[PDB]
There are 8 protein chains.
Amino acid sequence: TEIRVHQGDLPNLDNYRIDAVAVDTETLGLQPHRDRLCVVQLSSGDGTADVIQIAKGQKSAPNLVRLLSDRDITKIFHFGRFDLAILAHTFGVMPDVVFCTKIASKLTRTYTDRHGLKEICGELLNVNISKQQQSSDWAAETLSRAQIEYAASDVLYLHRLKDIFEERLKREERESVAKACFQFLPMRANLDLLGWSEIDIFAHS
Amino acid sequence: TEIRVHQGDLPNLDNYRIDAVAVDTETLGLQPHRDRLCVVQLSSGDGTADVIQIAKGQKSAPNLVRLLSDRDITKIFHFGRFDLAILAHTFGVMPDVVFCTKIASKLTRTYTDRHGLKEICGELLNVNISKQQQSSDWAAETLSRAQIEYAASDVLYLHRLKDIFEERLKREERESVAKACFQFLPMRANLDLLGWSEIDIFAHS
Amino acid sequence: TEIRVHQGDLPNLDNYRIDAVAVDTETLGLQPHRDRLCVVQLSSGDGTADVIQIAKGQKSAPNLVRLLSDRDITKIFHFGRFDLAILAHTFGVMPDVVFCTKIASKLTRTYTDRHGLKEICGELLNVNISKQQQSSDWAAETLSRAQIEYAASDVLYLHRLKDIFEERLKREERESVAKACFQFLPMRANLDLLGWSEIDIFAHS
Amino acid sequence: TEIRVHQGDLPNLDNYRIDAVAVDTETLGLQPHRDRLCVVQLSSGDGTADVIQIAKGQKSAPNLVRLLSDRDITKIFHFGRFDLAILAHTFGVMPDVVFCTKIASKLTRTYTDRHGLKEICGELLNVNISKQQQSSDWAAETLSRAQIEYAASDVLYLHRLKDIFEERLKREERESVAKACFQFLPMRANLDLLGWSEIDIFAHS
Amino acid sequence: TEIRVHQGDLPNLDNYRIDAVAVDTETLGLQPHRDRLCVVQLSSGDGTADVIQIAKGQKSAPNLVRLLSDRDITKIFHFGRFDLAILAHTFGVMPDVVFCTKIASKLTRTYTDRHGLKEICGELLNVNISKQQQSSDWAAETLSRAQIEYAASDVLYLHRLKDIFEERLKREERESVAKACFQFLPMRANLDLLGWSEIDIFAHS
Amino acid sequence: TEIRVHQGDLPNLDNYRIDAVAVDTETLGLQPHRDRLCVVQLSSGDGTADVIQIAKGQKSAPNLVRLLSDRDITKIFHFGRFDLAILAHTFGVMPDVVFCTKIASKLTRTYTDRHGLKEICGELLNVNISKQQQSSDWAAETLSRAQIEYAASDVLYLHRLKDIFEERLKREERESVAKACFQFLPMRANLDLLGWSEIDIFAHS
Amino acid sequence: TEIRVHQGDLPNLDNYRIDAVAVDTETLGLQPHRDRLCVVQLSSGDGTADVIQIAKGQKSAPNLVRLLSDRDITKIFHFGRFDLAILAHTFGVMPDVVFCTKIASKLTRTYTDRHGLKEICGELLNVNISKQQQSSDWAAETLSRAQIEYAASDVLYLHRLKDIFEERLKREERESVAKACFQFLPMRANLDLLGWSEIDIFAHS
Amino acid sequence: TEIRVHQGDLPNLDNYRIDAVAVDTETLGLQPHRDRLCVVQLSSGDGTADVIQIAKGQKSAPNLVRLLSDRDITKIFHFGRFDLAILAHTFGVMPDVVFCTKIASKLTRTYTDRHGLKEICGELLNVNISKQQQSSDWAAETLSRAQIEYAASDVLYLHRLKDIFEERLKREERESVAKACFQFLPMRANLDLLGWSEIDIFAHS
């Protein structure tokens, strides 16, 4: 593998002249108002990944923000509801072209109730994701090798999942449903930032 | 007030050359695959209402459906998540320009947890709606006077609520939030028809 | 109203040469092995009722048992699951031609979740049943007038509900589903007596 | 083990001139209106199995349906409440002569609260069923070897279970209870198809 | 009615040379280690009552304790599990000849799930007890007249209830069960004082 | 009752040269980051009240904040945990000399589980506060007379409650407990503002 | 581990002229009215056991019942609440001199919440009991060797536990509490048989 | 290791002329009024520990208590809410300079929901603490070697955790929050002793 570790921002976009980029984040917790962004992960799908450490109080990441803002590049997330919220809270730019593998899983893997990334990777690809480092100090000044390898491991497979999920969505005739869900997902994240994170806004009660 | 009761369909659209129409339905229950549409209510906001009795097995209602599919007319519902589902299930056309007073309530009446139509009308307009007839035989060949008056009372006030809620949404600066939620609402109803009625598609679990 | 009160048994069957008889019971509680049968109520639907006081330890009631065993007469209950159980446990005869207004309500009154007899009588007939005496000492040697009037009131109206429910079951094309449920109801009662009263035998868990 | 895989239908019924056939299904999920039938597996009890792939949108399987309809042949299921529902929804024929190992287990294996197929096969036969493939993509164009072997594994042992459960029902004198439950099971499945899937129709609440 | 109010203790036992005495207490709450005894009420059953105010830090009440210790007098309580605990904690004497109307109700009023004193008095005697003052400041130096009348109302009817419950226990042949329960009740109270107040010591879990 | 309504701030502190001031607030909801402070209520205990309307986006109120910052004046709240949070969030000043009647009630009224202000006022003073207006649009440009009267009602009685609670805390010897709770209360409110509003920080789980 | 297996009853009590006997039962389930007693195991504490197979419908076991009735012999159970109930229901003799290791554990092992026999034997004696056979067909005409060894394992250690628990009860000064609980235990079992198996007779609700 | 085991008290404080001491206790359970203190574990942070057995009824341990009350020495606990309560209940002295690793975890390890000592030690130091002996008979006159090694293991690592948590609290800017929580912790423990152990005193309900 190749994992390029950076401080603050990508040096340039030379490796990202592509149609879709897999994106993930790591934070200090589940509450964007309390838990700061610590890591941003990117991959072009070529089997390598970039891991960008975000400093405390960092307000800008121009190359990263260009990627997040570019409407011609689909950002692939797993449970993007969270990542979109924390990214918008941190850098002030809300992505609007997204694909979420968790929503896709809920729309296609109807034969199971386990939609976590580990189960998806195990079932669809026979790839073992190790989650031991998921609960670790992502704010450490120097990330461990195990942390760096885990962070890259979270983004290395999202392209293959998107390909398979697009096949399943086409087969079961949910393409327009999925497209509408992804179109609404950024606004669901915005509602999370504004204070309705514990509320299903569409529920009767 | 004036309540016009019809069999099958509106006679014409002479009374509905307006910018927005309030819409409600009555059914045999909460499950569209089991519980047929029995009554459709409409109002232009002029203090009169149309109550349309729908026959068993009726597949077509051209004037009503013509109104429902006119993209230049906003359809106002209370808890449109249900009504959109049953309308699309019955006539095969899903409206795509809607306003829902319950979503608006959840976005503006943040000081209460009661978002039912009775509580909203009581608080916002000091109008008392009596719900006694809500659980009644809406499939009766001849509706009683009490049933007809309840059905009209369900649609007579939605225009005034839309006006007030639009004022509140602009005042608290959540207009674009409401717009995005309303834009997504028809697909949420479609998801209900397809089999996800008990699932919040954006939740982690 | 006319209420004929008897000790032990009917004097004869002169008043019960009919197609259907409404039957109900009162007991000391919900557990047939602990709570003894105290009252049996009967009515032909002609506005009169028979109330039969059962003695402690009484094992036989030949006229009552002849009615309960007579396959040519349908026995109408409300929540017959219990009444069938207590009747079979007391007299050793399980009726097998029955109609239950609770099953019929659950199959037809799909627009509400309140299926008790008080609510059914209120909604279908505008008749007010008072339940204050439901929890009383039914084993008293002398029943009070309020007790006797309530006991008769439990059976005076089951014919009118059966007639209406039969109309609704025909209307929604659920006649065979209800008929099969009524056919199975006695074995559900036997399962209750044998010890599965707290178990839904068809559930996954 | 020989497992014969067919497309669409059996070529003939030469292997099924028997008094009882074990039947199971696999689907895309628990909701018959959304999740199509994908595989049907049968066995005569001779240690071999037939695995029939059902195509998307397939409406007919004349040989299979003739087998399912033959009243001289008892159909053995595990949790037939589901299989009967999905079979009737897909091919339009409701089997009416059935034996269910889950009902039998609940009526005889009263010393445990675990009635899943894994526990029954483990306790009664010391046979290890591996369920890893239960949650898999059963709609795949080509089934995997693991999928095929699991699907066959779900019918290979049902005859021996039926024999033992029949022994237990005779020993504990519960034969007529079980018979009435099995006679009613197809109507429970029909009720399931009609929209009462979440309701125990006999419960007080 | 006649209510004699005393400070600290009875002046003498001239009114309590009787076979059975009704006893009740009031405290500052449900936790004997935190909530001190404030009032003790007594009655000979003649329609009059004694209300004894207990002082802060009071360790002795010789005449009252003489009454509580005399094994030839049955002490009648409602929910004696609590009163025994608070009395033993306060005066160091655990009564051992008791009758509890709550246990008697649970052993006899099997036709209801409402075993409060208000409901019992309403059903068995048609006497209306008003509980508004049940939750009040019982530590006041001078009790209000409404408080005193409530306190007397708690003891005025326990003799009549004991007579009726003894009739019911004889009628349903449960006297020896009740007797064993009453003998164990003081040890249940001791278990409460020792720290097992939240544990059913006889439960499986 | 004299109620002075002001915009933005008190005109001066001529009426608040006192040793304790009753304070309460009204907002658009329970979430300080989403629901803005709308009204501040004050009372000197002289039977008059001041109601201060806070504008949207208002960042300063020098006279009010000077009063809130003054360590020689105890601020009396009911459920100050919330009021302290919203006040500190709005004006940037956290009061540090406080008394909370709800904590005091939980430390003294151990005989009840109802600690709301309405319930407290009913029990201790026999004064009926009507809360119908508690859930209303507090951000309206012009408050109704009923709203203003309710708002004054939430501060008019806190002094009298404080006097009674101080007597009870002295009587039951819990003064130092209450003092320590009040000393931590501002930090509990800060913890709420920082993101632990749903976490009991001292619980084991 | 000498294990003597008998049909119907012990031949005599020649091996049981001792002061205390360990007793445990096996049944078809938890409900004495439905599930019959299948096996009774006894031990004198000398490291050997007797396993007595009870036939369906067996009403008499004179030597065994003689042992159960001998008031000079303490019967040791684990969770005797169940065993006493099923023994009394089956043979008509209610033991009245008992020791229960579960009550003793709840009164002594206050540092844990896991009181099952496996955990007690593991912690207190470092002896491993294997519970695999607990859920098995105890009504088999011939028990397997594994069943026999498990059944003996249930009684082989109860004497040592009784010795240690008696030491702990003396040490912690809880002997009279335990004695009262053991004295009450037979009536708790009788209450289970009479129909209160789901009711805590001493609870407020 | 160098675990020194003592009866009753430390011989002197010659080894404890230090700025911070790790403290941990072992009891018979979670309820200080019932379950006595059995062991106190101390460490200077030098990799050695002192394990002090406390005798039944012992009220004094002057050298240990002198250390506990020396305000120039911070006492480090894990979940001091419990330890402080049992120490104060046993010896009558409440420490007032404390650090709690559970509060520190809840304020810093926001990326996990597991705050037990085992999980903290595993994550922060990669040290495996085995908790098998946590639930054991701590009142034995002679503790086993396994008990002694576990007891020392609970205190051997608290200094290293305090050092890391102090680094995290400074880095994340939460020192004044933690300081206020630690200042309130002794009053939370006092509240536990007084009877509010099950009440979060700051909650709305």
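Residues numbered from 1 in each chain as written, not as in the entry; some residues may be left out. Chains lettered and ligands numbered in written order. Heavy atoms only, no water. Residues with missing side-chain atoms left out of burial classes, pairs and counts.

Colleague: Summarise the overall build of chain A; cite the residues concerned and give the values.
Modeller: The helix and strand tally for chain A stands at seven helices and six strands. Starting at the N terminus and walking to the C terminus, you meet the elements of chain A as β-β-β-β-α-β-α-β-α-α-α-α-α. Whereas a compact globule of 205 residues would reach a radius of gyration of roughly 17 Å, chain A reaches 16 Å, a difference of no more than 12%. For chain A, the C-alpha atoms occupy an extent of roughly 45 × 40 × 35 Å along the three principal directions. (Helix = DSSP H or I, 4+ residues; strand = E, 2+ residues; numbered from the N terminus. Rg over C-alpha atoms; globule rule 2.2 N^0.38 Å.)

Colleague: Give a description of the pattern of salt bridges that names residues and reports values.
Modeller: Notably, a salt bridge pairs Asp50(B) with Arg4(B), separated by 3.0 Å at the nearest N-O pair. Within this pair, whereas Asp50(B) is found in strand β4 (residues 48–53), its partner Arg4(B) is found in strand β1 (residues 2–7), the two being separated by 46 residues in sequence. A salt bridge links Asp192(G) to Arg188(G); the shortest N-O distance between them is 3.1 Å. Note that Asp192(G) and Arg188(G) are positioned in helix α7 (residues 175–196) at a spacing of four residues, about one turn of the helix. Salt bridges sharing common partners tie together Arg168(G), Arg171(G), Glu172(G), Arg174(G) and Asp137(H). (Salt bridge = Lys/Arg side-chain N within 4 Å of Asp/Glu carboxyl O.)

Colleague: Describe the sheet that holds strand β5 (residues 74–77) of chain F, listing the residues and the values that go with them.
Modeller: Residues and elements named next belong to chain F. Reading across the sheet, the six strands line up as β1-β4-β3-β2-β5-β6 and stay open at both edges, with mixed pairing between neighbours. If you trace the sheet from one side to the other, it starts and ends with β1 (2–7) and β6 (98–100), each paired once. Ignoring strand direction, the axes of neighbouring strands in this sheet form an average angle of 25 degrees. Summarising the sheet, strand β2 (residues 20–27) and strand β3 (residues 37–43) pair through six bridges and their orientation is antiparallel. Looking at the pairing, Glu-26 lines up with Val-39 of β3. (Pairing = 2+ DSSP bridges. Axes fitted to C-alpha atoms, helices over the stretch in contact; angles between N-to-C directions.)

Colleague: How would you summarise the relation of the copies chain D and chain C if you had to cite specific residues and measurements?
Modeller: Superposing chain D onto chain C takes a rotation of 180 degrees combined with a translation of 0.0 Å along the rotation axis, leaving an RMSD of 0.2 Å. Both chain copies can therefore be described as sitting about a two-fold axis. Both copies contact each other with a shared surface, as 96% of the interface residues of chain D are interface residues in chain C too. (Least-squares fit on C-alpha atoms. Contact = heavy atoms within 4.5 Å.)

Colleague: Can you tell me about the sheet that holds strand β1 (residues 2–7) of chain C, naming the residues and giving the values?
Modeller: Residues and elements named next belong to chain C. Taken in spatial order, the six strands make up an open sheet running β1-β4-β3-β2-β5-β6, and their pairing is mixed. Two strands close off the open sheet at either side, each with one partner strand: β1 and β6 (98–100). Here the average twist between neighbouring strands, direction ignored, is 25 degrees. Packed on one face of the sheet, helix α5 (residues 145–155) meets β1, β2 (20–27), β3 (37–43) and β4 (48–53) and runs near 140 degrees to β2.

Colleague: Got a sec to walk through unusual backbone geometry? Specific residues and values, please.
Modeller: Within the chain, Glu173(A) stands out as a residue other than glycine whose phi angle is a positive 65 degrees. Within the secondary structure, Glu173(A) is located in the loop between α6 (158–171) and α7 (175–194).

Colleague: An account of the packing of aromatic side chains is requested, with residue identities and associated values reported.
Modeller: When the centroid spacing of 4.6 Å and the interplanar angle of 15 degrees are considered together, the rings of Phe184(E) and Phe184(G) count as stacked. With one member in each of two chains, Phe184(E) in helix α7 (residues 175–196) and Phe184(G) in helix α7 form a pair that bridges those chains. Every member of this aromatic cluster is reached through a ring pair, and the members are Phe184(A), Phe202(A), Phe184(B) and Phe202(B). The cationic tip of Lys162(E) hangs over the ring face of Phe99(E); the distance from NZ or CZ to the ring centre is 6.0 Å. Above the face of the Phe79(F) ring, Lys102(F) is positioned so that its terminal group lies 5.3 Å from the ring centre. (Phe/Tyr/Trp six-rings, centres within 6.5 Å; stacked < 30°, edge-to-face > 60°. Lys NZ or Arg CZ within 6 Å of the ring centre and 35° of its normal.)

Colleague: Before we move on, could you go through the interface of chain D and chain C and cite the residues and values that matter?
Modeller: The interface of chain D with chain C comprises 25 residues on the first partner and 25 residues on the second. Counting only elements with at least two residues in the side of chain D that touches chain C, the list comes to α3 (101–108) and α7 (175–194) of chain D. Looking at the side of chain D that touches chain C, the element that brings in the most residues is α7(D), giving eleven residues. Looking at the side of chain D that touches chain C residue by residue, the classes come out as 15 nonpolar, four polar and six charged. (Nonpolar A, V, L, I, M, F, W, Y, C, P; charged D, E, K, R; others polar.)

Colleague: Kindly report on the packing of helix α2 (residues 80–91) of chain G against α7(G), identifying the contributing residues and their values.
Modeller: All names here are of chain G. At a closest axis distance of 8 Å, the pairing of α2 and α7 adopts a crossing angle of 65 degrees. Crossing of α2 over α7 shows right-handed handedness. In this structure, α2 uses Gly-80, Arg-81, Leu-84, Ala-85, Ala-88 and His-89 to contact α7, whose residues at the interface are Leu-185, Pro-186, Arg-188, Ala-189, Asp-192 and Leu-193. When the residues that make up the contact of α2 with α7 are grouped by side-chain class, the tally is seven nonpolar, two polar and three charged. (Left-handed = near helix turned anticlockwise from the far one by under 90°.)

Colleague: Can you explain helix α6 (residues 158–171) of chain B? Please cite residues and give values.
Modeller: Counted at 1.5 Å a residue, the expected span for α6(B) with its 14 residues is 20 Å, and the 20 Å between its end C-alpha atoms agrees. Phi turns positive, to about 60 degrees, at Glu173(B), one or two residues after α6(B). (Expected span 1.5 Å × (residues − 1).)

Colleague: Quick rundown of the relation of the copies chain B and chain D? Include the residues and the values.
Modeller: Once chain B has been moved 0.0 Å along the axis and rotated by 180 degrees, it coincides with chain D to within an RMSD of 0.3 Å. Take the interface residues of chain B: 100% of them recur as interface residues in chain D, which is what a same-surface contact looks like.

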